[PDB]
$ cat run12.pdb   # PDB, C-alpha atoms and all ligand atoms
ATOM      1  CA  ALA A  33     -46.861  38.735  29.781
ATOM      2  CA  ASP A  34     -44.898  36.509  27.395
ATOM      3  CA  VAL A  35     -48.141  36.154  25.422
ATOM      4  CA  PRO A  36     -49.188  39.790  24.844
ATOM      5  CA  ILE A  37     -52.893  40.601  24.488
ATOM      6  CA  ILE A  38     -53.254  43.615  22.197
ATOM      7  CA  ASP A  39     -56.433  45.720  22.185
ATOM      8  CA  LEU A  40     -57.069  46.927  18.636
ATOM      9  CA  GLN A  41     -59.253  49.818  19.889
ATOM     10  CA  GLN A  42     -56.307  51.546  21.616
ATOM     11  CA  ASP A  43     -54.521  54.461  19.961
ATOM     12  CA  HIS A  44     -53.108  53.530  16.556
ATOM     13  CA  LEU A  45     -49.487  54.302  17.470
ATOM     14  CA  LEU A  46     -49.675  52.191  20.634
ATOM     15  CA  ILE A  47     -51.020  49.284  18.581
ATOM     16  CA  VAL A  48     -48.128  49.580  16.113
ATOM     17  CA  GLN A  49     -45.607  49.749  18.954
ATOM     18  CA  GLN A  50     -47.104  46.788  20.841
ATOM     19  CA  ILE A  51     -47.444  44.603  17.744
ATOM     20  CA  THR A  52     -43.896  45.418  16.685
ATOM     21  CA  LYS A  53     -42.498  44.462  20.094
ATOM     22  CA  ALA A  54     -44.482  41.221  20.145
ATOM     23  CA  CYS A  55     -43.249  40.348  16.649
ATOM     24  CA  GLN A  56     -39.622  41.063  17.613
ATOM     25  CA  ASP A  57     -39.740  39.250  20.920
ATOM     26  CA  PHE A  58     -42.167  36.339  20.504
ATOM     27  CA  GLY A  59     -43.792  35.986  17.078
ATOM     28  CA  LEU A  60     -47.178  35.273  18.737
ATOM     29  CA  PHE A  61     -49.748  37.537  20.407
ATOM     30  CA  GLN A  62     -53.511  37.753  20.815
ATOM     31  CA  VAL A  63     -55.810  40.501  19.583
ATOM     32  CA  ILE A  64     -59.028  41.678  21.224
ATOM     33  CA  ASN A  65     -61.592  44.309  20.157
ATOM     34  CA  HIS A  66     -60.493  43.299  16.663
ATOM     35  CA  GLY A  67     -63.636  44.146  14.700
ATOM     36  CA  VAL A  68     -64.660  40.631  13.630
ATOM     37  CA  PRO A  69     -68.246  40.066  14.815
ATOM     38  CA  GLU A  70     -68.373  37.850  17.899
ATOM     39  CA  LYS A  71     -71.668  36.403  16.690
ATOM     40  CA  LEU A  72     -69.919  35.219  13.533
ATOM     41  CA  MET A  73     -67.047  33.685  15.537
ATOM     42  CA  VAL A  74     -69.596  31.795  17.634
ATOM     43  CA  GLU A  75     -71.520  30.692  14.546
ATOM     44  CA  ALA A  76     -68.324  29.458  12.867
ATOM     45  CA  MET A  77     -67.402  27.368  15.906
ATOM     46  CA  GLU A  78     -70.952  25.947  15.982
ATOM     47  CA  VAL A  79     -70.667  25.054  12.285
ATOM     48  CA  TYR A  80     -67.515  23.039  12.996
ATOM     49  CA  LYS A  81     -69.075  21.371  16.035
ATOM     50  CA  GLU A  82     -71.934  20.290  13.768
ATOM     51  CA  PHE A  83     -69.586  19.262  10.938
ATOM     52  CA  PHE A  84     -67.359  17.046  13.086
ATOM     53  CA  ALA A  85     -70.466  15.441  14.627
ATOM     54  CA  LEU A  86     -71.767  14.348  11.210
ATOM     55  CA  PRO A  87     -71.843  10.612  10.508
ATOM     56  CA  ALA A  88     -68.992   8.827   8.819
ATOM     57  CA  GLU A  89     -70.966   8.531   5.566
ATOM     58  CA  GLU A  90     -70.879  12.369   5.265
ATOM     59  CA  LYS A  91     -67.151  12.504   6.100
ATOM     60  CA  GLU A  92     -66.384  10.254   3.138
ATOM     61  CA  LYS A  93     -67.306  13.150   0.833
ATOM     62  CA  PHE A  94     -64.067  14.876   1.949
ATOM     63  CA  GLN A  95     -61.794  11.829   1.609
ATOM     64  CA  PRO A  96     -60.213  11.898  -1.847
ATOM     65  CA  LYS A  97     -60.248   8.429  -3.370
ATOM     66  CA  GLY A  98     -61.666   7.074  -0.126
ATOM     67  CA  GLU A  99     -59.000   8.074   2.396
ATOM     68  CA  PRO A 100     -57.999  11.261   4.215
ATOM     69  CA  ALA A 101     -55.621  13.619   2.502
ATOM     70  CA  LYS A 102     -52.095  14.346   3.702
ATOM     71  CA  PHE A 103     -50.331  17.708   3.995
ATOM     72  CA  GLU A 104     -48.131  17.165   0.938
ATOM     73  CA  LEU A 105     -47.838  18.743  -2.477
ATOM     74  CA  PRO A 106     -49.885  19.470  -4.407
ATOM     75  CA  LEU A 107     -51.782  21.101  -1.579
ATOM     76  CA  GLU A 108     -55.126  21.692  -3.208
ATOM     77  CA  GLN A 109     -57.547  24.400  -2.125
ATOM     78  CA  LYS A 110     -60.604  22.167  -2.603
ATOM     79  CA  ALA A 111     -62.018  21.027   0.739
ATOM     80  CA  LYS A 112     -60.641  17.769   2.128
ATOM     81  CA  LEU A 113     -60.294  16.007   5.458
ATOM     82  CA  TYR A 114     -56.624  15.568   6.364
ATOM     83  CA  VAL A 115     -54.652  13.600   8.902
ATOM     84  CA  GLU A 116     -51.221  14.632  10.198
ATOM     85  CA  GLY A 117     -48.808  12.772  12.455
ATOM     86  CA  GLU A 118     -49.566   9.850  14.752
ATOM     87  CA  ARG A 119     -50.209   9.811  18.494
ATOM     88  CA  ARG A 120     -51.401   6.906  20.643
ATOM     89  CA  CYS A 121     -53.888   6.962  23.505
ATOM     90  CA  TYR A 127     -56.108   9.943  14.549
ATOM     91  CA  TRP A 128     -55.097  12.543  17.143
ATOM     92  CA  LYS A 129     -56.048  15.382  14.746
ATOM     93  CA  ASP A 130     -58.625  15.531  11.998
ATOM     94  CA  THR A 131     -58.476  18.719   9.928
ATOM     95  CA  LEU A 132     -61.018  19.998   7.433
ATOM     96  CA  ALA A 133     -59.049  22.369   5.195
ATOM     97  CA  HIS A 134     -59.850  24.472   2.164
ATOM     98  CA  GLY A 135     -58.840  27.644   0.438
ATOM     99  CA  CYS A 136     -60.968  30.751   0.774
ATOM    100  CA  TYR A 137     -59.669  33.484  -1.514
ATOM    101  CA  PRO A 138     -60.460  34.272  -4.245
ATOM    102  CA  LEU A 139     -63.675  32.371  -3.687
ATOM    103  CA  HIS A 140     -64.038  30.817  -7.149
ATOM    104  CA  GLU A 141     -67.267  28.933  -7.801
ATOM    105  CA  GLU A 142     -65.280  25.702  -8.279
ATOM    106  CA  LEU A 143     -63.685  26.227  -4.861
ATOM    107  CA  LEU A 144     -66.942  27.129  -3.101
ATOM    108  CA  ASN A 145     -68.643  24.054  -4.561
ATOM    109  CA  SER A 146     -65.989  21.868  -2.938
ATOM    110  CA  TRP A 147     -66.973  23.179   0.511
ATOM    111  CA  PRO A 148     -69.432  21.254   2.702
ATOM    112  CA  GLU A 149     -73.115  21.640   1.971
ATOM    113  CA  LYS A 150     -73.918  19.995   5.325
ATOM    114  CA  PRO A 151     -74.354  21.568   7.832
ATOM    115  CA  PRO A 152     -76.596  23.750   5.707
ATOM    116  CA  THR A 153     -75.249  27.075   7.048
ATOM    117  CA  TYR A 154     -71.598  26.154   6.324
ATOM    118  CA  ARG A 155     -71.160  28.137   3.155
ATOM    119  CA  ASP A 156     -72.904  31.326   4.295
ATOM    120  CA  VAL A 157     -71.232  31.438   7.723
ATOM    121  CA  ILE A 158     -67.767  30.372   6.635
ATOM    122  CA  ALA A 159     -67.674  32.642   3.580
ATOM    123  CA  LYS A 160     -68.547  35.625   5.783
ATOM    124  CA  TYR A 161     -66.094  34.499   8.447
ATOM    125  CA  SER A 162     -63.291  34.135   5.922
ATOM    126  CA  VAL A 163     -63.858  37.657   4.549
ATOM    127  CA  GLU A 164     -63.777  39.128   8.073
ATOM    128  CA  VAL A 165     -60.680  37.182   9.137
ATOM    129  CA  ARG A 166     -58.853  38.199   5.956
ATOM    130  CA  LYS A 167     -59.749  41.849   6.584
ATOM    131  CA  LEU A 168     -58.366  41.596  10.125
ATOM    132  CA  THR A 169     -55.236  39.841   8.865
ATOM    133  CA  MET A 170     -54.603  42.619   6.349
ATOM    134  CA  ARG A 171     -55.041  45.220   9.096
ATOM    135  CA  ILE A 172     -52.431  43.394  11.187
ATOM    136  CA  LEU A 173     -50.050  43.196   8.231
ATOM    137  CA  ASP A 174     -50.395  46.978   7.782
ATOM    138  CA  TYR A 175     -49.568  47.567  11.457
ATOM    139  CA  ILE A 176     -46.529  45.354  10.771
ATOM    140  CA  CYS A 177     -45.645  47.473   7.724
ATOM    141  CA  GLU A 178     -45.630  50.571   9.914
ATOM    142  CA  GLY A 179     -43.457  48.829  12.498
ATOM    143  CA  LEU A 180     -40.963  47.726   9.827
ATOM    144  CA  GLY A 181     -40.981  51.088   8.036
ATOM    145  CA  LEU A 182     -42.629  49.808   4.849
ATOM    146  CA  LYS A 183     -45.388  51.492   2.902
ATOM    147  CA  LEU A 184     -48.905  50.428   3.753
ATOM    148  CA  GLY A 185     -50.147  47.623   1.547
ATOM    149  CA  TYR A 186     -46.744  45.974   1.097
ATOM    150  CA  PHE A 187     -48.221  42.472   1.604
ATOM    151  CA  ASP A 188     -51.419  43.071  -0.434
ATOM    152  CA  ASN A 189     -50.247  41.072  -3.449
ATOM    153  CA  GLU A 190     -49.055  37.534  -4.332
ATOM    154  CA  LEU A 191     -47.546  37.282  -0.823
ATOM    155  CA  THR A 192     -51.086  36.826   0.578
ATOM    156  CA  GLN A 193     -52.622  35.018  -2.404
ATOM    157  CA  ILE A 194     -53.501  31.840  -0.458
ATOM    158  CA  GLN A 195     -55.897  31.771   2.492
ATOM    159  CA  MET A 196     -56.165  28.221   3.882
ATOM    160  CA  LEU A 197     -58.801  27.594   6.547
ATOM    161  CA  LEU A 198     -57.734  24.633   8.699
ATOM    162  CA  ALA A 199     -60.477  23.564  11.134
ATOM    163  CA  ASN A 200     -58.938  21.097  13.571
ATOM    164  CA  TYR A 201     -60.666  18.443  15.689
ATOM    165  CA  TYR A 202     -58.619  16.856  18.476
ATOM    166  CA  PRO A 203     -60.262  13.781  20.025
ATOM    167  CA  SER A 204     -59.838  13.792  23.788
ATOM    168  CA  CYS A 205     -57.365  11.455  25.480
ATOM    169  CA  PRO A 206     -56.250  11.347  29.148
ATOM    170  CA  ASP A 207     -52.814   9.806  28.392
ATOM    171  CA  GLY A 216     -44.120  21.663  17.684
ATOM    172  CA  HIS A 217     -43.817  23.567  14.444
ATOM    173  CA  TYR A 218     -43.574  26.903  12.784
ATOM    174  CA  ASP A 219     -46.454  27.571  10.414
ATOM    175  CA  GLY A 220     -44.710  27.763   7.031
ATOM    176  CA  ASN A 221     -46.867  30.547   5.582
ATOM    177  CA  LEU A 222     -46.757  34.332   6.226
ATOM    178  CA  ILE A 223     -49.209  34.852   9.112
ATOM    179  CA  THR A 224     -51.896  32.806  10.859
ATOM    180  CA  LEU A 225     -54.949  33.766  12.872
ATOM    181  CA  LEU A 226     -56.310  31.084  15.191
ATOM    182  CA  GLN A 227     -59.629  30.964  17.055
ATOM    183  CA  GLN A 228     -59.755  28.705  20.126
ATOM    184  CA  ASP A 229     -62.023  28.227  23.120
ATOM    185  CA  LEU A 230     -60.180  25.600  25.211
ATOM    186  CA  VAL A 231     -56.687  25.139  26.621
ATOM    187  CA  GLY A 232     -54.217  23.182  24.506
ATOM    188  CA  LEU A 233     -52.046  25.638  22.549
ATOM    189  CA  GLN A 234     -48.508  26.252  23.828
ATOM    190  CA  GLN A 235     -45.818  28.645  22.581
ATOM    191  CA  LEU A 236     -42.072  27.979  22.846
ATOM    192  CA  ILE A 237     -40.182  30.804  24.545
ATOM    193  CA  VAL A 238     -36.863  30.044  22.878
ATOM    194  CA  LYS A 239     -34.777  32.325  25.122
ATOM    195  CA  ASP A 240     -35.918  30.392  28.216
ATOM    196  CA  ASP A 241     -36.408  27.002  26.529
ATOM    197  CA  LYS A 242     -39.905  26.910  28.034
ATOM    198  CA  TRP A 243     -43.279  25.931  26.601
ATOM    199  CA  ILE A 244     -46.050  28.136  27.972
ATOM    200  CA  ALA A 245     -49.826  28.107  27.584
ATOM    201  CA  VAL A 246     -51.591  30.490  25.229
ATOM    202  CA  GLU A 247     -54.702  31.350  27.273
ATOM    203  CA  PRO A 248     -57.974  30.489  25.477
ATOM    204  CA  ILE A 249     -60.017  33.633  24.928
ATOM    205  CA  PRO A 250     -63.030  32.509  22.857
ATOM    206  CA  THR A 251     -63.651  35.944  21.306
ATOM    207  CA  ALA A 252     -59.958  36.728  20.583
ATOM    208  CA  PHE A 253     -57.687  35.713  17.746
ATOM    209  CA  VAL A 254     -54.246  34.284  18.342
ATOM    210  CA  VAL A 255     -51.848  35.769  15.778
ATOM    211  CA  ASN A 256     -48.680  33.903  14.915
ATOM    212  CA  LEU A 257     -45.960  34.777  12.472
ATOM    213  CA  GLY A 258     -44.898  32.140  10.002
ATOM    214  CA  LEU A 259     -41.530  31.055   8.717
ATOM    215  CA  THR A 260     -42.126  33.132   5.564
ATOM    216  CA  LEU A 261     -42.385  36.346   7.602
ATOM    217  CA  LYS A 262     -39.310  35.353   9.624
ATOM    218  CA  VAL A 263     -37.415  35.164   6.326
ATOM    219  CA  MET A 264     -38.927  38.283   4.777
ATOM    220  CA  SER A 265     -38.147  40.319   7.923
ATOM    221  CA  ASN A 266     -34.555  38.990   7.787
ATOM    222  CA  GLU A 267     -35.079  37.593  11.328
ATOM    223  CA  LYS A 268     -35.941  41.013  12.750
ATOM    224  CA  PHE A 269     -39.206  39.290  13.684
ATOM    225  CA  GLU A 270     -39.498  35.869  15.261
ATOM    226  CA  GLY A 271     -41.527  33.084  13.762
ATOM    227  CA  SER A 272     -43.662  31.309  16.341
ATOM    228  CA  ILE A 273     -42.846  27.715  17.293
ATOM    229  CA  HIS A 274     -45.991  26.325  18.886
ATOM    230  CA  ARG A 275     -47.621  22.984  19.681
ATOM    231  CA  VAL A 276     -50.956  21.492  20.701
ATOM    232  CA  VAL A 277     -51.696  19.337  23.749
ATOM    233  CA  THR A 278     -54.658  16.971  23.404
ATOM    234  CA  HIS A 279     -57.352  17.774  25.969
ATOM    235  CA  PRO A 280     -57.970  15.044  28.583
ATOM    236  CA  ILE A 281     -61.790  15.588  28.730
ATOM    237  CA  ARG A 282     -63.080  17.594  25.736
ATOM    238  CA  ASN A 283     -62.814  17.153  22.005
ATOM    239  CA  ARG A 284     -61.129  20.460  21.183
ATOM    240  CA  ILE A 285     -61.807  22.384  17.968
ATOM    241  CA  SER A 286     -59.708  25.258  16.676
ATOM    242  CA  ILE A 287     -60.107  27.349  13.539
ATOM    243  CA  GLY A 288     -56.906  28.508  11.782
ATOM    244  CA  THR A 289     -56.696  30.931   8.877
ATOM    245  CA  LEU A 290     -53.257  30.491   7.313
ATOM    246  CA  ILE A 291     -52.413  33.280   4.838
ATOM    247  CA  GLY A 292     -49.356  33.265   2.644
ATOM    248  CA  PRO A 293     -47.783  33.191  -0.787
ATOM    249  CA  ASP A 294     -48.843  31.426  -3.912
ATOM    250  CA  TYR A 295     -46.824  28.346  -4.942
ATOM    251  CA  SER A 296     -45.359  30.253  -7.926
ATOM    252  CA  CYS A 297     -43.850  32.973  -5.685
ATOM    253  CA  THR A 298     -40.172  33.612  -5.012
ATOM    254  CA  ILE A 299     -39.375  34.464  -1.364
ATOM    255  CA  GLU A 300     -36.491  36.576  -0.126
ATOM    256  CA  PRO A 301     -35.666  39.049   2.651
ATOM    257  CA  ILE A 302     -37.471  42.331   1.916
ATOM    258  CA  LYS A 303     -34.871  44.156  -0.136
ATOM    259  CA  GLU A 304     -35.647  47.689   1.059
ATOM    260  CA  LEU A 305     -34.723  46.745   4.639
ATOM    261  CA  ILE A 306     -31.351  45.173   3.807
ATOM    262  CA  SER A 307     -28.318  47.274   4.719
ATOM    263  CA  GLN A 308     -24.621  46.885   5.466
ATOM    264  CA  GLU A 309     -25.454  46.081   9.111
ATOM    265  CA  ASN A 310     -28.481  43.971   8.109
ATOM    266  CA  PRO A 311     -27.130  41.764   5.263
ATOM    267  CA  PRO A 312     -29.530  39.141   3.903
ATOM    268  CA  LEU A 313     -29.680  35.925   5.929
ATOM    269  CA  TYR A 314     -31.482  33.945   3.191
ATOM    270  CA  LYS A 315     -31.009  33.769  -0.565
ATOM    271  CA  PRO A 316     -34.132  33.921  -2.770
ATOM    272  CA  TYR A 317     -35.997  30.652  -3.091
ATOM    273  CA  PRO A 318     -39.121  29.225  -4.736
ATOM    274  CA  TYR A 319     -42.015  28.922  -2.311
ATOM    275  CA  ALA A 320     -42.976  25.553  -3.827
ATOM    276  CA  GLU A 321     -39.498  24.134  -3.215
ATOM    277  CA  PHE A 322     -39.568  25.393   0.379
ATOM    278  CA  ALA A 323     -43.057  23.941   0.801
ATOM    279  CA  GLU A 324     -41.928  20.452  -0.239
ATOM    280  CA  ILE A 325     -39.139  20.470   2.368
ATOM    281  CA  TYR A 326     -41.284  22.129   5.056
ATOM    282  CA  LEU A 327     -43.974  19.447   4.655
ATOM    283  CA  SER A 328     -41.573  16.480   4.357
ATOM    284  CA  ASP A 329     -38.545  17.133   6.592
ATOM    285  CA  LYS A 330     -39.342  17.387  10.310
ATOM    286  CA  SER A 331     -35.714  16.979  11.456
ATOM    287  CA  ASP A 332     -35.610  20.605  12.694
ATOM    288  CA  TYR A 333     -38.226  23.318  13.106
ATOM    289  CA  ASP A 334     -36.638  25.401  10.326
ATOM    290  CA  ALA A 335     -35.591  22.546   8.024
ATOM    291  CA  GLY A 336     -37.602  24.152   5.212
ATOM    292  CA  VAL A 337     -35.353  27.233   5.091
ATOM    293  CA  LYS A 338     -31.997  25.707   6.104
ATOM    294  CA  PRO A 339     -30.885  25.200   2.453
ATOM    295  CA  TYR A 340     -31.310  28.932   1.781
ATOM    296  CA  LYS A 341     -29.377  30.361   4.736
ATOM    297  CA  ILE A 342     -26.490  32.682   3.804
ATOM    298  CA  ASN A 343     -24.177  35.198   5.507
ATOM    299  CA  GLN A 344     -24.088  33.051   8.639
ATOM    300  CA  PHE A 345     -21.577  34.127  11.286
TER     301      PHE A 345
HETATM  302  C1  LIG B   1     -49.744  21.819  11.758
HETATM  303  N1  LIG B   1     -49.530  21.734  10.351
HETATM  304  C2  LIG B   1     -48.447  22.494   9.874
HETATM  305  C3  LIG B   1     -49.046  23.938   9.873
HETATM  306  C4  LIG B   1     -50.472  23.706   9.632
HETATM  307  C5  LIG B   1     -50.615  22.150   9.557
HETATM  308  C6  LIG B   1     -50.528  21.671   8.125
HETATM  309  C7  LIG B   1     -49.168  22.143   7.416
HETATM  310  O1  LIG B   1     -49.196  23.435   6.995
HETATM  311  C8  LIG B   1     -49.821  23.669   5.803
HETATM  312  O2  LIG B   1     -50.369  22.791   5.175
HETATM  313  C9  LIG B   1     -49.764  25.117   5.399
HETATM  314  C10 LIG B   1     -51.000  25.535   4.555
HETATM  315  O3  LIG B   1     -50.883  26.895   4.124
HETATM  316  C11 LIG B   1     -48.533  25.326   4.568
HETATM  317  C12 LIG B   1     -48.209  24.396   3.489
HETATM  318  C13 LIG B   1     -47.020  24.645   2.678
HETATM  319  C14 LIG B   1     -46.200  25.835   2.913
HETATM  320  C15 LIG B   1     -46.532  26.771   3.979
HETATM  321  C16 LIG B   1     -47.706  26.501   4.808
HETATM  322  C17 LIG B   1     -47.991  22.047   8.501
HETATM  323  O1  LIG B   2     -55.056  23.939  16.980
HETATM  324  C1  LIG B   2     -54.305  24.746  17.528
HETATM  325  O2  LIG B   2     -54.530  25.260  18.683
HETATM  326  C2  LIG B   2     -53.064  25.227  16.865
HETATM  327  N1  LIG B   2     -53.012  24.804  15.491
HETATM  328  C3  LIG B   2     -51.876  24.907  14.784
HETATM  329  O3  LIG B   2     -50.831  25.331  15.282
HETATM  330  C4  LIG B   2     -51.869  24.538  13.346
HETATM  331  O4  LIG B   2     -52.896  23.851  12.903
HETATM  332  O5  LIG B   2     -50.946  24.926  12.650
HETATM  333 NA    NA B   3     -63.728  12.354  23.609
HETATM  334 NI    NI B   4     -49.582  26.050  13.760
HETATM  335 SR    SR B   5     -66.837  45.089  12.264
END

$ encode --input "run12.pdb" --output "structure tokens" --more "lines below"
Ligand SMILES: CN1[C@@H]2CC[C@H]1C[C@@H](OC(=O)[C@H](CO)c1ccccc1)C2
Ligand SMILES: O=C(O)CNC(=O)C(=O)O
Ligand code: NA
Ligand code: NI
Ligand SMILES: [Sr+2]
Amino acid sequence: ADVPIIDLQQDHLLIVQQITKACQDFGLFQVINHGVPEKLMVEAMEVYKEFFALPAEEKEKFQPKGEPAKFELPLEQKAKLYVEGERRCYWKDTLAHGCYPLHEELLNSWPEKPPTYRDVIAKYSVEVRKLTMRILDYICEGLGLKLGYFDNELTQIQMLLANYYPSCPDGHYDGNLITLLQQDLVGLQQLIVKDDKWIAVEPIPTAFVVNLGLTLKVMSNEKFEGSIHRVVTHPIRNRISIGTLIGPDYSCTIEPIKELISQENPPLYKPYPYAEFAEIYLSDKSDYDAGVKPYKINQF
């Protein structure tokens, strides 16, 4: 029950109530009957299976200056293969690119092999964004904000991170606003902070896992939780997951949503530049919320 599964074809008010409770209590939930075509979800996963099976000489096309990219600024939207962290038996290869707006220069950075990549992944990205914006509107209703509150610079960046985890038999907040993750194998765990317990997020191949980022934790003034989650390498399979990470542009200023502040809900963060946060978030792993620690105020 600590990972709620929310049916998006229930009554609207029940959806709002269930999403709001999940956001307050956990910061992570799954959605089913969510309106994204299952056929397209299957096709996207098949595209990534094909992509990660390509020979090394194809992979080199995504290695800037001959080596994988790192998650560091500037974080370009053009498609690259990234590595992140070290684990010994890379433990994670990620193909990442922006998706929105889909400028010609951005699209022409995407893979051309496998040949269906651009058609499938463009359609997938449009559908996942539409679902994300629906979820953000349910969140607006739960917070008491007008519909469309997040339909601006706060959602300007849509990074697709397709992750490949080589098998081996022997945690973070996402820094952005909100993430949708498609998975088909065990490996994702969520931290239940109140119980200091890591628990599995059941793989439902036709669902999306929704997790709130550190930006939404700040903007909600901690009325919502951000999700701290981690991945366990599979002992048998090479696991692939598909994340759509939506959030602000690098030129944005972030602060607790001003309309929700009150005498009993004073701001817990001062305004900060997203780019400055992003540098710390990507560099400083000393604590899960290191990226926002410099901006905390009104602590008691
Ligand atoms: C597992 N890691 C974590 C989460 C995904 C992956 C890569 C990195 O996160 C990002 O690169 C995202 C891209 O939007 C980001 C970058 C700067 C600011 C806010 C968010 C850290
Ligand atoms: O791959 C997964 O199951 C989870 N991925 C992430 O949390 C991430 O890339 O930020
Ligand atoms: Na393997
Ligand atoms: Ni994550
Ligand atoms: Sr539909």

$ resolve_selection --input "run12.pdb" --expression "the PyMOL selection byres (((chain A and resi 256) around 12) and not hetatm)" --output "PDB file with C-alpha atoms, in the coordinates of the input"
ATOM      1  CA  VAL A  35     -48.141  36.154  25.422  1.00  0.00           C
ATOM      2  CA  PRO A  36     -49.188  39.790  24.844  1.00  0.00           C
ATOM      3  CA  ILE A  51     -47.444  44.603  17.744  1.00  0.00           C
ATOM      4  CA  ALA A  54     -44.482  41.221  20.145  1.00  0.00           C
ATOM      5  CA  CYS A  55     -43.249  40.348  16.649  1.00  0.00           C
ATOM      6  CA  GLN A  56     -39.622  41.063  17.613  1.00  0.00           C
ATOM      7  CA  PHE A  58     -42.167  36.339  20.504  1.00  0.00           C
ATOM      8  CA  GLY A  59     -43.792  35.986  17.078  1.00  0.00           C
ATOM      9  CA  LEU A  60     -47.178  35.273  18.737  1.00  0.00           C
ATOM     10  CA  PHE A  61     -49.748  37.537  20.407  1.00  0.00           C
ATOM     11  CA  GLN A  62     -53.511  37.753  20.815  1.00  0.00           C
ATOM     12  CA  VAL A  63     -55.810  40.501  19.583  1.00  0.00           C
ATOM     13  CA  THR A 169     -55.236  39.841   8.865  1.00  0.00           C
ATOM     14  CA  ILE A 172     -52.431  43.394  11.187  1.00  0.00           C
ATOM     15  CA  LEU A 173     -50.050  43.196   8.231  1.00  0.00           C
ATOM     16  CA  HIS A 217     -43.817  23.567  14.444  1.00  0.00           C
ATOM     17  CA  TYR A 218     -43.574  26.903  12.784  1.00  0.00           C
ATOM     18  CA  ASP A 219     -46.454  27.571  10.414  1.00  0.00           C
ATOM     19  CA  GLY A 220     -44.710  27.763   7.031  1.00  0.00           C
ATOM     20  CA  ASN A 221     -46.867  30.547   5.582  1.00  0.00           C
ATOM     21  CA  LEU A 222     -46.757  34.332   6.226  1.00  0.00           C
ATOM     22  CA  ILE A 223     -49.209  34.852   9.112  1.00  0.00           C
ATOM     23  CA  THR A 224     -51.896  32.806  10.859  1.00  0.00           C
ATOM     24  CA  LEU A 225     -54.949  33.766  12.872  1.00  0.00           C
ATOM     25  CA  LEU A 226     -56.310  31.084  15.191  1.00  0.00           C
ATOM     26  CA  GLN A 227     -59.629  30.964  17.055  1.00  0.00           C
ATOM     27  CA  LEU A 233     -52.046  25.638  22.549  1.00  0.00           C
ATOM     28  CA  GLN A 234     -48.508  26.252  23.828  1.00  0.00           C
ATOM     29  CA  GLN A 235     -45.818  28.645  22.581  1.00  0.00           C
ATOM     30  CA  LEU A 236     -42.072  27.979  22.846  1.00  0.00           C
ATOM     31  CA  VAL A 246     -51.591  30.490  25.229  1.00  0.00           C
ATOM     32  CA  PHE A 253     -57.687  35.713  17.746  1.00  0.00           C
ATOM     33  CA  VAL A 254     -54.246  34.284  18.342  1.00  0.00           C
ATOM     34  CA  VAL A 255     -51.848  35.769  15.778  1.00  0.00           C
ATOM     35  CA  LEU A 257     -45.960  34.777  12.472  1.00  0.00           C
ATOM     36  CA  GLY A 258     -44.898  32.140  10.002  1.00  0.00           C
ATOM     37  CA  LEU A 259     -41.530  31.055   8.717  1.00  0.00           C
ATOM     38  CA  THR A 260     -42.126  33.132   5.564  1.00  0.00           C
ATOM     39  CA  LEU A 261     -42.385  36.346   7.602  1.00  0.00           C
ATOM     40  CA  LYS A 262     -39.310  35.353   9.624  1.00  0.00           C
ATOM     41  CA  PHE A 269     -39.206  39.290  13.684  1.00  0.00           C
ATOM     42  CA  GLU A 270     -39.498  35.869  15.261  1.00  0.00           C
ATOM     43  CA  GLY A 271     -41.527  33.084  13.762  1.00  0.00           C
ATOM     44  CA  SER A 272     -43.662  31.309  16.341  1.00  0.00           C
ATOM     45  CA  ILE A 273     -42.846  27.715  17.293  1.00  0.00           C
ATOM     46  CA  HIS A 274     -45.991  26.325  18.886  1.00  0.00           C
ATOM     47  CA  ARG A 275     -47.621  22.984  19.681  1.00  0.00           C
ATOM     48  CA  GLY A 288     -56.906  28.508  11.782  1.00  0.00           C
ATOM     49  CA  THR A 289     -56.696  30.931   8.877  1.00  0.00           C
ATOM     50  CA  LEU A 290     -53.257  30.491   7.313  1.00  0.00           C
ATOM     51  CA  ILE A 291     -52.413  33.280   4.838  1.00  0.00           C
TER      52      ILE A 291
END

$ resolve_selection --input "run12.pdb" --expression "the PyMOL selection byres (((chain A and resi 317) around 12) and not hetatm)" --output "short mmCIF file (atom, residue, chain, number, x, y, z; two decimals) with C-alpha atoms, in the frame of the given file"
data_model
loop_
_atom_site.label_atom_id
_atom_site.label_comp_id
_atom_site.auth_asym_id
_atom_site.auth_seq_id
_atom_site.Cartn_x
_atom_site.Cartn_y
_atom_site.Cartn_z
CA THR A 260 -42.13 33.13 5.56
CA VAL A 263 -37.42 35.16 6.33
CA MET A 264 -38.93 38.28 4.78
CA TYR A 295 -46.82 28.35 -4.94
CA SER A 296 -45.36 30.25 -7.93
CA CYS A 297 -43.85 32.97 -5.68
CA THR A 298 -40.17 33.61 -5.01
CA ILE A 299 -39.38 34.46 -1.36
CA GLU A 300 -36.49 36.58 -0.13
CA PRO A 301 -35.67 39.05 2.65
CA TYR A 314 -31.48 33.94 3.19
CA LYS A 315 -31.01 33.77 -0.56
CA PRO A 316 -34.13 33.92 -2.77
CA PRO A 318 -39.12 29.22 -4.74
CA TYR A 319 -42.02 28.92 -2.31
CA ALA A 320 -42.98 25.55 -3.83
CA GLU A 321 -39.50 24.13 -3.22
CA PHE A 322 -39.57 25.39 0.38
CA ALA A 323 -43.06 23.94 0.80
CA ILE A 325 -39.14 20.47 2.37
CA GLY A 336 -37.60 24.15 5.21
CA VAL A 337 -35.35 27.23 5.09
CA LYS A 338 -32.00 25.71 6.10
CA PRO A 339 -30.88 25.20 2.45
CA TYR A 340 -31.31 28.93 1.78
CA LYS A 341 -29.38 30.36 4.74
CA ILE A 342 -26.49 32.68 3.80
#

$ residues_near_ligand --input "run12.pdb" --ligand "ligand NA 3 (chain B)" --cutoff "12 Å" --atoms "all atoms listed in the file" --output "PyMOL selection string"
chain A and resi 85+121+128+201-206+278-285
